[PDB]
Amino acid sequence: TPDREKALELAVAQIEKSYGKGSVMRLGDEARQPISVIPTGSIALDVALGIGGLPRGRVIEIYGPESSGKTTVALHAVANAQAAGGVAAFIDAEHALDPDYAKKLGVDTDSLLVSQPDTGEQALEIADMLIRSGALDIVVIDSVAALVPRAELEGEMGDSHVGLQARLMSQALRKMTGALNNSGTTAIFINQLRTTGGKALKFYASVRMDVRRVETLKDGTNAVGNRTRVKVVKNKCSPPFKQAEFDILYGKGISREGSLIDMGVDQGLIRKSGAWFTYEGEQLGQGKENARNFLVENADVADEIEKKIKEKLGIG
């Protein structure tokens, strides 16, 4: 009990020294809060991440099946990065971006940098060049799987295809990783399930986020969107394995308002009087949709609830 606590503290400090802060953690530890972070769009996810959003100057992975919300989550990071006066870049190998959708989430698409690269390496080379500017806050790569190597695209079969894309990622990441730390830019790599250089990205990433749809939500017989679930399977900035749920509405994106209520009830700041959402003596709405909508029209209290949740947990 007494002599052990000493050897353990020391052991942990040596580790923390030799390999960097967050190399070891107790899953009950509180997070050390950084100066700035990139909010994700959902307070529930931001809480689950510990530091109130995505880390800066780090590699991030967001993965899941097609149309899980990964991209939606990624674009929300992009919007918030811009909202705070940052500059954003989107390296696109899928050609699937919907800017009108992006726009409604909050993205300043007019001022969003976009490259549609010829090759996997060009994709990463370009990313690198922007990262080394120091003028970017966030860069998103859509996606890991589409980063096909020149040789494969040029028709050569000499390597066979065995490991050339994975080797490409590995190299690029090493080179890229130091660049991000100096610049303070965040690299989001989007990745699918069933990818190619994920073996490399898995270890360089400071945060890996497993995203998927849970249930379809609706008014009656018409699909408004999806309850989305994210597990932070890897986190080097705060205790990992935390998960959060939030709502994505088609054509609207993540319901900030929905996450505010869900976390409100969870934290006891919001009370239920049987389907009746209370806040500090005043009523928000009957059922979740009226609570959600009340907070839209009344963005005053929605900011107070958000502030109130953060303060109560030590976030932001």
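Rigid core here is just the name for the largest C-alpha set that superposes within 1.5 Å across the two forms. Throughout, we count residues from 1 along the sequence that is shown.
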Margin query: For a rigid core alignment of each structure in 9 other deposited structures of this protein onto the shown form, which stretch has the higher root mean square Cα deviation: 274-282 or 54-62?
Written below: 274-282
Next item on the list: Going by root mean square C-alpha distance after a core fit, say whether 211-219 or 114-122 is farther from the shown form in 9 other deposited structures of this protein.
Entry: 211-219
Note to self: Does the comparison with other PDB entries of this protein show residue 240 lacking coordinates in a third or more of them, where both adjacent residues are built?
What the structure shows: no
Margin query: Could you find out if residue 162 - modelled in this structure - is missing from at least a third of the other PDB entries compared that contain residues on either side?
Written below: no
Next item on the list: Note how many residues of the deposited chain are left out of the model between residue 194 and residue 195; the options are none, 1 to 3, 4 to 9, and 10 or more.
Entry: 10 or more
Notebook entry, point to check: As stated in the PDB record, which stretch has the larger average Cα B-factor, 286-294 or 48-56?
Noted result: 286-294
Next item on the list: Could you check which stretch, 174-182 or 142-150, carries the larger mean CA temperature factor in the entry?
Entry: 174-182
Checklist line | Residue, from 210, 118, 128, 219, that the PDB entry assigns the highest Cα B-factor | finding: 219
Notebook entry, point to check: Of the choices 162, 136, 96, 91, which one's C-alpha carries the largest B-factor in the record?
Noted result: 162
Margin query: Test of reading the entry: by CA B factor among the chain's modelled residues, which third contains residue 62?
Written below: lowest
Next item on the list: Compare the C-alpha B factor of residue 200 with those of the other modelled residues in its chain, then answer lowest, middle or highest third.
Entry: middle
Next item on the list: Quick one: classify residue 34 as lowest, middle or highest third of the chain based on its Cα B-factor.
Entry: middle
Item checked: Among modelled residues of the same chain, the CA temperature factor third for residue 278 -> highest
Check: In terms of the CA temperature factor given in the entry, to which third of its chain does residue 268 belong: lowest, middle or highest?
Finding: highest
